[PDB]
>>> print(open('input36.cif').read())   # mmCIF, C-alpha atoms
data_my_file
loop_
_atom_site.label_atom_id
_atom_site.label_comp_id
_atom_site.auth_asym_id
_atom_site.auth_seq_id
_atom_site.Cartn_x
_atom_site.Cartn_y
_atom_site.Cartn_z
CA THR A 43 -16.50 -8.21 -33.04
CA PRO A 44 -17.16 -11.31 -35.20
CA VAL A 45 -16.49 -14.88 -34.06
CA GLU A 46 -15.06 -17.94 -35.84
CA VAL A 47 -16.68 -21.37 -36.12
CA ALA A 48 -14.39 -23.97 -34.55
CA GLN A 49 -16.25 -27.28 -34.80
CA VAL A 50 -19.57 -28.64 -36.11
CA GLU A 51 -21.43 -31.79 -35.05
CA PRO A 52 -22.27 -34.15 -36.60
CA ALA A 53 -18.81 -34.15 -38.21
CA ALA A 54 -18.50 -34.04 -42.00
CA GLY A 55 -19.32 -37.47 -43.40
CA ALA A 56 -20.80 -38.82 -40.17
CA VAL A 57 -23.90 -41.03 -40.07
CA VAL A 58 -26.39 -40.27 -37.28
CA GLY A 59 -29.95 -40.86 -36.10
CA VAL A 60 -32.91 -38.90 -37.48
CA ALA A 61 -33.25 -36.88 -34.26
CA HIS A 62 -29.62 -35.80 -33.92
CA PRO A 63 -29.41 -32.05 -33.25
CA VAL A 64 -26.77 -29.77 -34.75
CA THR A 65 -24.19 -28.36 -32.34
CA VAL A 66 -21.79 -25.59 -33.36
CA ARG A 67 -18.73 -24.75 -31.27
CA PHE A 68 -17.23 -21.29 -31.71
CA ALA A 69 -13.57 -20.37 -31.18
CA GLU A 70 -14.47 -17.76 -28.56
CA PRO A 71 -17.48 -17.56 -26.20
CA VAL A 72 -20.43 -15.92 -27.98
CA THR A 73 -21.80 -12.49 -27.05
CA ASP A 74 -24.44 -11.87 -29.73
CA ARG A 75 -26.25 -15.21 -29.56
CA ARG A 76 -29.09 -14.02 -31.78
CA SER A 77 -26.57 -13.25 -34.53
CA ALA A 78 -24.89 -16.63 -34.17
CA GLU A 79 -28.31 -18.27 -34.50
CA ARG A 80 -29.15 -16.40 -37.72
CA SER A 81 -25.84 -17.51 -39.24
CA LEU A 82 -27.08 -21.11 -39.36
CA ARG A 83 -28.28 -22.11 -42.82
CA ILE A 84 -29.75 -25.58 -43.35
CA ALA A 85 -30.61 -26.73 -46.88
CA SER A 86 -34.35 -27.25 -47.42
CA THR A 87 -34.93 -26.38 -43.76
CA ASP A 88 -36.20 -23.31 -41.88
CA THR A 89 -34.43 -22.90 -38.53
CA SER A 90 -37.58 -21.35 -37.05
CA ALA A 91 -39.01 -24.86 -37.31
CA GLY A 92 -36.74 -25.88 -34.45
CA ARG A 93 -35.28 -24.72 -31.15
CA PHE A 94 -31.97 -23.04 -30.31
CA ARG A 95 -30.17 -23.70 -27.02
CA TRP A 96 -26.81 -22.78 -25.50
CA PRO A 97 -25.29 -25.78 -23.62
CA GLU A 98 -21.95 -24.02 -23.12
CA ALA A 99 -20.91 -20.38 -23.57
CA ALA A 100 -19.15 -21.25 -26.82
CA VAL A 101 -21.37 -24.04 -28.18
CA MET A 102 -24.69 -23.52 -29.97
CA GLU A 103 -27.32 -26.25 -30.38
CA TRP A 104 -30.22 -26.56 -32.82
CA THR A 105 -32.88 -29.26 -32.60
CA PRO A 106 -35.45 -29.75 -35.39
CA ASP A 107 -39.15 -29.93 -34.48
CA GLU A 108 -39.50 -32.95 -36.77
CA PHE A 109 -37.09 -35.81 -37.40
CA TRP A 110 -34.59 -35.57 -40.23
CA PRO A 111 -35.54 -37.72 -43.19
CA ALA A 112 -33.75 -41.06 -42.89
CA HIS A 113 -31.10 -42.19 -45.38
CA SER A 114 -30.52 -38.58 -46.36
CA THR A 115 -27.67 -36.12 -46.72
CA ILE A 116 -28.20 -32.97 -44.67
CA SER A 117 -26.33 -29.91 -45.89
CA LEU A 118 -25.62 -26.87 -43.75
CA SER A 119 -23.36 -23.84 -43.39
CA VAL A 120 -22.75 -21.86 -40.21
CA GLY A 121 -21.17 -18.51 -41.01
CA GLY A 122 -18.19 -19.49 -43.12
CA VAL A 123 -17.76 -23.25 -42.62
CA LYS A 124 -19.91 -25.32 -44.97
CA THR A 125 -20.38 -28.99 -44.09
CA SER A 126 -22.76 -31.93 -44.35
CA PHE A 127 -23.63 -35.18 -42.61
CA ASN A 128 -25.77 -38.21 -43.36
CA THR A 129 -28.69 -39.81 -41.54
CA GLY A 130 -29.03 -43.55 -41.11
CA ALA A 131 -32.29 -45.45 -40.72
CA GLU A 132 -35.05 -44.07 -38.52
CA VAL A 133 -34.72 -46.22 -35.42
CA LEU A 134 -37.65 -45.35 -33.15
CA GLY A 135 -38.06 -46.70 -29.64
CA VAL A 136 -41.46 -46.13 -28.06
CA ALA A 137 -41.81 -46.76 -24.34
CA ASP A 138 -45.47 -47.22 -23.42
CA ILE A 139 -45.94 -46.80 -19.68
CA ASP A 140 -49.49 -48.18 -19.46
CA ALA A 141 -48.79 -51.21 -21.66
CA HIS A 142 -45.36 -51.83 -20.10
CA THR A 143 -43.81 -52.26 -23.54
CA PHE A 144 -40.80 -50.90 -25.41
CA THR A 145 -41.46 -51.05 -29.15
CA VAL A 146 -38.61 -50.57 -31.63
CA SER A 147 -39.10 -49.98 -35.35
CA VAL A 148 -36.78 -49.28 -38.28
CA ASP A 149 -38.11 -47.07 -41.09
CA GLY A 150 -41.70 -47.80 -40.07
CA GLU A 151 -41.22 -51.56 -39.72
CA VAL A 152 -41.89 -52.84 -36.20
CA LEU A 153 -39.04 -55.20 -35.31
CA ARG A 154 -39.70 -55.94 -31.64
CA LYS A 155 -42.37 -55.18 -29.07
CA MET A 156 -40.44 -55.88 -25.89
CA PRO A 157 -41.66 -56.25 -22.29
CA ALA A 158 -40.45 -53.24 -20.31
CA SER A 159 -40.79 -51.73 -16.84
CA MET A 160 -40.89 -47.95 -16.47
CA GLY A 161 -40.75 -45.77 -13.35
CA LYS A 162 -42.84 -46.46 -10.25
CA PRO A 163 -45.39 -43.69 -9.49
CA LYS A 164 -43.07 -42.04 -6.94
CA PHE A 165 -40.26 -41.89 -9.51
CA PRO A 166 -42.04 -41.89 -12.88
CA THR A 167 -40.37 -42.00 -16.29
CA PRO A 168 -40.57 -38.51 -17.83
CA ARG A 169 -42.85 -38.45 -20.87
CA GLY A 170 -42.01 -36.87 -24.21
CA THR A 171 -39.90 -37.09 -27.35
CA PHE A 172 -36.23 -37.71 -26.60
CA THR A 173 -32.96 -38.61 -28.31
CA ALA A 174 -30.41 -41.32 -27.59
CA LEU A 175 -27.72 -39.07 -26.15
CA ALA A 176 -25.01 -41.63 -25.44
CA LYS A 177 -24.15 -45.33 -25.34
CA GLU A 178 -22.27 -46.79 -22.38
CA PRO A 179 -21.53 -50.53 -22.13
CA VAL A 180 -21.41 -50.06 -18.36
CA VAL A 181 -22.60 -47.20 -16.16
CA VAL A 182 -23.24 -46.86 -12.42
CA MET A 183 -26.79 -45.92 -11.48
CA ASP A 184 -26.60 -43.86 -8.27
CA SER A 185 -29.78 -43.35 -6.22
CA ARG A 186 -28.45 -40.03 -4.94
CA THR A 187 -29.25 -38.66 -8.41
CA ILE A 188 -32.92 -38.77 -7.39
CA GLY A 189 -32.36 -37.86 -3.74
CA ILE A 190 -32.16 -41.27 -2.09
CA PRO A 191 -29.21 -41.76 0.30
CA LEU A 192 -27.32 -45.07 0.12
CA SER A 193 -28.26 -45.67 3.77
CA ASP A 194 -31.96 -45.74 2.87
CA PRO A 195 -33.52 -49.18 2.23
CA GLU A 196 -34.63 -47.82 -1.15
CA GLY A 197 -31.20 -46.44 -2.00
CA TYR A 198 -28.97 -48.12 -4.56
CA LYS A 199 -25.60 -47.97 -6.29
CA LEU A 200 -24.99 -50.56 -8.98
CA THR A 201 -23.48 -51.20 -12.40
CA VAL A 202 -25.88 -51.73 -15.30
CA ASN A 203 -25.03 -53.14 -18.72
CA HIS A 204 -25.91 -51.80 -22.17
CA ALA A 205 -27.14 -48.35 -21.16
CA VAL A 206 -28.60 -45.84 -23.60
CA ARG A 207 -28.89 -42.31 -22.20
CA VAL A 208 -32.34 -40.81 -22.81
CA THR A 209 -32.05 -37.59 -20.80
CA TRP A 210 -29.26 -35.59 -19.19
CA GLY A 211 -31.27 -35.92 -15.99
CA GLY A 212 -30.31 -39.58 -15.81
CA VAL A 213 -32.98 -41.60 -17.60
CA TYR A 214 -31.56 -44.66 -19.34
CA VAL A 215 -32.58 -47.72 -21.29
CA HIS A 216 -30.56 -50.52 -19.69
CA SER A 217 -30.28 -54.18 -18.69
CA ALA A 218 -32.25 -54.84 -15.51
CA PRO A 219 -32.14 -58.53 -14.49
CA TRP A 220 -33.58 -57.46 -11.14
CA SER A 221 -36.96 -56.64 -12.70
CA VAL A 222 -37.43 -59.30 -15.41
CA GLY A 223 -40.42 -60.62 -13.47
CA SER A 224 -42.15 -57.24 -13.63
CA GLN A 225 -41.36 -56.29 -17.23
CA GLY A 226 -44.58 -56.37 -19.24
CA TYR A 227 -46.81 -56.28 -16.17
CA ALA A 228 -45.93 -53.38 -13.85
CA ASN A 229 -43.60 -50.39 -13.57
CA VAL A 230 -41.09 -50.97 -10.76
CA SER A 231 -38.07 -48.86 -11.74
CA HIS A 232 -36.86 -45.48 -10.47
CA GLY A 233 -37.38 -43.77 -13.83
CA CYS A 234 -35.23 -45.74 -16.27
CA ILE A 235 -36.56 -47.98 -19.03
CA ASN A 236 -36.00 -51.54 -17.79
CA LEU A 237 -35.37 -54.37 -20.25
CA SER A 238 -34.17 -57.97 -20.05
CA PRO A 239 -30.42 -58.45 -20.66
CA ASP A 240 -31.05 -59.93 -24.13
CA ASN A 241 -33.46 -57.18 -25.17
CA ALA A 242 -31.18 -54.44 -23.81
CA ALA A 243 -28.20 -55.97 -25.62
CA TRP A 244 -30.24 -56.23 -28.82
CA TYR A 245 -31.42 -52.62 -28.61
CA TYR A 246 -27.94 -51.41 -27.65
CA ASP A 247 -26.24 -52.95 -30.69
CA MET A 248 -28.77 -51.57 -33.17
CA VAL A 249 -29.35 -48.10 -31.70
CA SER A 250 -27.20 -45.09 -32.59
CA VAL A 251 -26.61 -41.71 -30.94
CA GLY A 252 -29.34 -39.48 -32.32
CA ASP A 253 -32.01 -42.15 -32.69
CA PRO A 254 -35.39 -40.94 -31.39
CA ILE A 255 -36.83 -42.33 -28.15
CA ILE A 256 -40.47 -41.57 -27.33
CA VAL A 257 -41.90 -42.03 -23.84
CA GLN A 258 -45.70 -41.84 -23.73
CA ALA A 259 -48.72 -42.93 -21.69
#
>>> encode(input="input36.cif", output="structure tokens")
Amino acid sequence: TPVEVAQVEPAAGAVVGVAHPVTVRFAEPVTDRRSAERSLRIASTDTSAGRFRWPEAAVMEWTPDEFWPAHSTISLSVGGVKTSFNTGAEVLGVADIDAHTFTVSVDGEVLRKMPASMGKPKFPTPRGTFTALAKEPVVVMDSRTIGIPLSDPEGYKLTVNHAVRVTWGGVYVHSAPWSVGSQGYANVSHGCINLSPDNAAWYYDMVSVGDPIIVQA
């Protein structure tokens, strides 16, 4: 029994970051996943040069191994529905744990090399190539996410400004006034990428969902 394509992201005519994956939502939960995956056609792209995942029973996700070209129109068709979206500038944020820096560049031009503070050795910042998943003006960081009870001296529960979600695990780029004195010198966070309020606000206003974030040594 065949299945209909309900919704595709990014929406038709949307403008996203160069690392934004394609999600396809089907009308009914999918049985033959391998068939659903083969039904994805991307212009000038081979889907084997990427990775398929299934976030929900009815939604399919494809992430390219390389970034999309910036300032481009990406054309795809999944089964019947044919759509297309656009990419904006390549906005790359590189967190360097050893150097305690967060470097942001647009289309290869380095704009800012900002003092940052990554995770302390007990709670390190996970390394790899990530994607700005969400933008929240305010979010509550809860220490119970990483197994620290609020009754512990090292527990915490606080509101942070200008948060950019890096992982679904709970890694963020956010404003951390508490650690301004350590940013650029040592890593004192619980995993997040700590910036000054002005740098976090600057990065927040210029970043978009889908922009690549790289955490490295």
>>> atom_distance(input="input36.cif", atom1="atom CA of residue A:234", atom2="atom CA of residue A:56")
28.8 Å
>>> atom_distance(input="input36.cif", atom1="atom CA of residue A:141", atom2="atom CA of residue A:162")
13.7 Å
>>> atom_distance(input="input36.cif", atom1="atom CA of residue A:217", atom2="atom CA of residue A:233")
13.5 Å
>>> residues_near_point(input="input36.cif", point="(-29.2, -42.2, -24.7)", cutoff="8 Å", atoms="all atoms listed in the file", output="number ranges by chain")
A: 173-177, 205-209, 214-215, 251
>>> resolve_selection(input="input36.cif", expression="the PyMOL selection byres ((chain A and resi 70) around 12)", output="CSV table (one decimal) with C-alpha atoms, in the frame of the given file")
chain,number,residue,atom,x,y,z
A,43,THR,CA,-16.5,-8.2,-33.0
A,44,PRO,CA,-17.2,-11.3,-35.2
A,45,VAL,CA,-16.5,-14.9,-34.1
A,46,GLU,CA,-15.1,-17.9,-35.8
A,47,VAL,CA,-16.7,-21.4,-36.1
A,48,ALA,CA,-14.4,-24.0,-34.6
A,49,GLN,CA,-16.2,-27.3,-34.8
A,66,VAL,CA,-21.8,-25.6,-33.4
A,67,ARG,CA,-18.7,-24.8,-31.3
A,68,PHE,CA,-17.2,-21.3,-31.7
A,69,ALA,CA,-13.6,-20.4,-31.2
A,71,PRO,CA,-17.5,-17.6,-26.2
A,72,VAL,CA,-20.4,-15.9,-28.0
A,73,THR,CA,-21.8,-12.5,-27.0
A,74,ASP,CA,-24.4,-11.9,-29.7
A,78,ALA,CA,-24.9,-16.6,-34.2
A,98,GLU,CA,-22.0,-24.0,-23.1
A,99,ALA,CA,-20.9,-20.4,-23.6
A,100,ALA,CA,-19.2,-21.2,-26.8
A,101,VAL,CA,-21.4,-24.0,-28.2
A,102,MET,CA,-24.7,-23.5,-30.0
>>> closest_residue(input="input36.cif", among="A:231, A:258, A:226, A:195", to="residue A:164", atoms="all atoms listed in the file")
A:231
>>> residues_around(input="input36.cif", residues="residue A:163", least_positions_apart="2", cutoff="10 Å", atoms="only C-alpha atoms", output="PDB file with C-alpha atoms, in the coordinates of the input")
ATOM      1  CA  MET A 160     -40.890 -47.950 -16.470  1.00  0.00           C
ATOM      2  CA  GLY A 161     -40.750 -45.770 -13.350  1.00  0.00           C
ATOM      3  CA  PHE A 165     -40.260 -41.890  -9.510  1.00  0.00           C
ATOM      4  CA  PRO A 166     -42.040 -41.890 -12.880  1.00  0.00           C
ATOM      5  CA  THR A 167     -40.370 -42.000 -16.290  1.00  0.00           C
ATOM      6  CA  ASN A 229     -43.600 -50.390 -13.570  1.00  0.00           C
ATOM      7  CA  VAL A 230     -41.090 -50.970 -10.760  1.00  0.00           C
ATOM      8  CA  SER A 231     -38.070 -48.860 -11.740  1.00  0.00           C
ATOM      9  CA  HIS A 232     -36.860 -45.480 -10.470  1.00  0.00           C
ATOM     10  CA  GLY A 233     -37.380 -43.770 -13.830  1.00  0.00           C
TER      11      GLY A 233
END
>>> axis_aligned_box(input="input36.cif", around="stretch 47-53 of chain A", padding_each_side="3 Å", output="AutoDock Vina command-line options")
--center_x -18.3 --center_y -27.8 --center_z -36.4 --size_x 13.9 --size_y 18.8 --size_z 9.7
>>> closest_residue(input="input36.cif", among="A:54, A:95, A:134, A:119", to="residue A:81", atoms="only C-alpha atoms")
A:119
>>> closest_residue(input="input36.cif", among="A:140, A:184, A:103, A:132", to="residue A:249", atoms="all atoms listed in the file")
A:132
>>> resolve_selection(input="input36.cif", expression="the PyMOL selection byres ((chain A and resi 153) around 12)", output="list in words")
residues 133, 134, 135, 136, 144, 145, 146, 147, 148, 149, 150, 151, 152, 154, 155, 156, 241, 244, 245 and 248 of chain A
>>> closest_residue(input="input36.cif", among="A:115, A:259, A:109, A:212", to="residue A:169", atoms="all atoms listed in the file")
A:259
>>> closest_residue(input="input36.cif", among="A:142, A:216, A:186, A:75", to="residue A:240", atoms="all atoms listed in the file")
A:216
>>> closest_residue(input="input36.cif", among="A:236, A:193, A:90, A:171", to="residue A:253", atoms="only C-alpha atoms")
A:171
>>> resolve_selection(input="input36.cif", expression="the PyMOL selection byres ((chain A and resi 117) around 8)", output="mmCIF file with C-alpha atoms, in the frame of the given file")
data_model
loop_
_atom_site.group_PDB
_atom_site.id
_atom_site.type_symbol
_atom_site.label_atom_id
_atom_site.label_comp_id
_atom_site.auth_asym_id
_atom_site.auth_seq_id
_atom_site.Cartn_x
_atom_site.Cartn_y
_atom_site.Cartn_z
ATOM 1 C CA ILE A 84 -29.750 -25.580 -43.350
ATOM 2 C CA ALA A 85 -30.610 -26.730 -46.880
ATOM 3 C CA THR A 115 -27.670 -36.120 -46.720
ATOM 4 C CA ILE A 116 -28.200 -32.970 -44.670
ATOM 5 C CA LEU A 118 -25.620 -26.870 -43.750
ATOM 6 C CA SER A 119 -23.360 -23.840 -43.390
ATOM 7 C CA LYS A 124 -19.910 -25.320 -44.970
ATOM 8 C CA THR A 125 -20.380 -28.990 -44.090
ATOM 9 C CA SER A 126 -22.760 -31.930 -44.350
ATOM 10 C CA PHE A 127 -23.630 -35.180 -42.610
#
>>> decode(input="input36.cif", residues="stretch 91-120 of chain A", atoms="N, CA and C atoms", output="PDB file, in the first residue's frame")
ATOM      1  N   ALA A  91      25.113  10.122  -0.843  1.00  0.00           N
ATOM      2  CA  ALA A  91      26.076  11.044  -0.254  1.00  0.00           C
ATOM      3  C   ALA A  91      25.413  11.815   0.879  1.00  0.00           C
ATOM      4  N   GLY A  92      24.762  11.076   1.770  1.00  0.00           N
ATOM      5  CA  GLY A  92      24.071  11.656   2.903  1.00  0.00           C
ATOM      6  C   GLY A  92      23.611  10.555   3.833  1.00  0.00           C
ATOM      7  N   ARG A  93      22.771  10.907   4.800  1.00  0.00           N
ATOM      8  CA  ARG A  93      22.293   9.932   5.771  1.00  0.00           C
ATOM      9  C   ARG A  93      20.794  10.081   6.010  1.00  0.00           C
ATOM     10  N   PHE A  94      20.076   8.961   5.959  1.00  0.00           N
ATOM     11  CA  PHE A  94      18.645   8.948   6.247  1.00  0.00           C
ATOM     12  C   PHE A  94      18.397   8.623   7.714  1.00  0.00           C
ATOM     13  N   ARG A  95      17.415   9.291   8.311  1.00  0.00           N
ATOM     14  CA  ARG A  95      16.989   8.986   9.674  1.00  0.00           C
ATOM     15  C   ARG A  95      15.473   9.082   9.780  1.00  0.00           C
ATOM     16  N   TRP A  96      14.916   8.479  10.824  1.00  0.00           N
ATOM     17  CA  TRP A  96      13.476   8.502  11.031  1.00  0.00           C
ATOM     18  C   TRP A  96      13.126   9.008  12.428  1.00  0.00           C
ATOM     19  N   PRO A  97      12.981  10.337  12.560  1.00  0.00           N
ATOM     20  CA  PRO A  97      12.713  11.050  13.814  1.00  0.00           C
ATOM     21  C   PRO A  97      11.359  10.674  14.404  1.00  0.00           C
ATOM     22  N   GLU A  98      10.343  10.604  13.551  1.00  0.00           N
ATOM     23  CA  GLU A  98       9.032  10.104  13.947  1.00  0.00           C
ATOM     24  C   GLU A  98       8.635   8.996  12.981  1.00  0.00           C
ATOM     25  N   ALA A  99       7.572   8.267  13.307  1.00  0.00           N
ATOM     26  CA  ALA A  99       7.120   7.163  12.467  1.00  0.00           C
ATOM     27  C   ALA A  99       6.709   7.634  11.077  1.00  0.00           C
ATOM     28  N   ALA A 100       6.233   8.872  10.994  1.00  0.00           N
ATOM     29  CA  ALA A 100       5.708   9.405   9.744  1.00  0.00           C
ATOM     30  C   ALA A 100       6.631  10.421   9.069  1.00  0.00           C
ATOM     31  N   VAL A 101       7.672  10.867   9.769  1.00  0.00           N
ATOM     32  CA  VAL A 101       8.597  11.829   9.170  1.00  0.00           C
ATOM     33  C   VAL A 101       9.966  11.235   8.824  1.00  0.00           C
ATOM     34  N   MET A 102      10.441  11.567   7.630  1.00  0.00           N
ATOM     35  CA  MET A 102      11.721  11.084   7.128  1.00  0.00           C
ATOM     36  C   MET A 102      12.707  12.244   7.049  1.00  0.00           C
ATOM     37  N   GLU A 103      13.955  12.005   7.438  1.00  0.00           N
ATOM     38  CA  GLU A 103      14.957  13.069   7.423  1.00  0.00           C
ATOM     39  C   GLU A 103      16.208  12.689   6.636  1.00  0.00           C
ATOM     40  N   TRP A 104      16.660  13.596   5.775  1.00  0.00           N
ATOM     41  CA  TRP A 104      17.899  13.387   5.030  1.00  0.00           C
ATOM     42  C   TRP A 104      18.888  14.525   5.259  1.00  0.00           C
ATOM     43  N   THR A 105      20.099  14.169   5.674  1.00  0.00           N
ATOM     44  CA  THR A 105      21.155  15.145   5.911  1.00  0.00           C
ATOM     45  C   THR A 105      22.321  14.909   4.960  1.00  0.00           C
ATOM     46  N   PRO A 106      22.702  15.942   4.197  1.00  0.00           N
ATOM     47  CA  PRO A 106      23.823  15.820   3.259  1.00  0.00           C
ATOM     48  C   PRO A 106      25.167  15.700   3.978  1.00  0.00           C
ATOM     49  N   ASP A 107      26.098  14.947   3.396  1.00  0.00           N
ATOM     50  CA  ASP A 107      27.432  14.787   3.972  1.00  0.00           C
ATOM     51  C   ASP A 107      28.251  16.074   3.875  1.00  0.00           C
ATOM     52  N   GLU A 108      27.983  16.866   2.841  1.00  0.00           N
ATOM     53  CA  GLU A 108      28.588  18.185   2.697  1.00  0.00           C
ATOM     54  C   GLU A 108      27.512  19.248   2.840  1.00  0.00           C
ATOM     55  N   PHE A 109      27.929  20.488   3.061  1.00  0.00           N
ATOM     56  CA  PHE A 109      26.995  21.603   3.111  1.00  0.00           C
ATOM     57  C   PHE A 109      26.381  21.837   1.736  1.00  0.00           C
ATOM     58  N   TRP A 110      25.154  22.348   1.714  1.00  0.00           N
ATOM     59  CA  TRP A 110      24.582  22.869   0.483  1.00  0.00           C
ATOM     60  C   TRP A 110      25.461  24.015   0.013  1.00  0.00           C
ATOM     61  N   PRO A 111      25.480  24.279  -1.301  1.00  0.00           N
ATOM     62  CA  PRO A 111      26.117  25.524  -1.732  1.00  0.00           C
ATOM     63  C   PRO A 111      25.286  26.695  -1.221  1.00  0.00           C
ATOM     64  N   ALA A 112      25.940  27.772  -0.800  1.00  0.00           N
ATOM     65  CA  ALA A 112      25.220  28.943  -0.319  1.00  0.00           C
ATOM     66  C   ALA A 112      24.630  29.721  -1.490  1.00  0.00           C
ATOM     67  N   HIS A 113      23.634  30.556  -1.199  1.00  0.00           N
ATOM     68  CA  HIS A 113      22.998  31.414  -2.198  1.00  0.00           C
ATOM     69  C   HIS A 113      22.495  30.626  -3.400  1.00  0.00           C
ATOM     70  N   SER A 114      21.972  29.435  -3.134  1.00  0.00           N
ATOM     71  CA  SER A 114      21.551  28.534  -4.194  1.00  0.00           C
ATOM     72  C   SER A 114      20.081  28.167  -4.067  1.00  0.00           C
ATOM     73  N   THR A 115      19.519  27.660  -5.157  1.00  0.00           N
ATOM     74  CA  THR A 115      18.179  27.100  -5.129  1.00  0.00           C
ATOM     75  C   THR A 115      18.303  25.586  -5.217  1.00  0.00           C
ATOM     76  N   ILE A 116      17.786  24.897  -4.208  1.00  0.00           N
ATOM     77  CA  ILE A 116      17.851  23.444  -4.170  1.00  0.00           C
ATOM     78  C   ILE A 116      16.507  22.879  -4.601  1.00  0.00           C
ATOM     79  N   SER A 117      16.526  22.022  -5.615  1.00  0.00           N
ATOM     80  CA  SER A 117      15.294  21.472  -6.158  1.00  0.00           C
ATOM     81  C   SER A 117      15.169  19.983  -5.869  1.00  0.00           C
ATOM     82  N   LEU A 118      14.025  19.590  -5.323  1.00  0.00           N
ATOM     83  CA  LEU A 118      13.791  18.191  -5.003  1.00  0.00           C
ATOM     84  C   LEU A 118      12.355  17.756  -5.272  1.00  0.00           C
ATOM     85  N   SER A 119      12.158  16.444  -5.337  1.00  0.00           N
ATOM     86  CA  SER A 119      10.830  15.862  -5.456  1.00  0.00           C
ATOM     87  C   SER A 119      10.801  14.559  -4.676  1.00  0.00           C
ATOM     88  N   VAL A 120       9.850  14.442  -3.755  1.00  0.00           N
ATOM     89  CA  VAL A 120       9.667  13.206  -3.008  1.00  0.00           C
ATOM     90  C   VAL A 120       8.355  12.546  -3.426  1.00  0.00           C
TER      91      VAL A 120
END
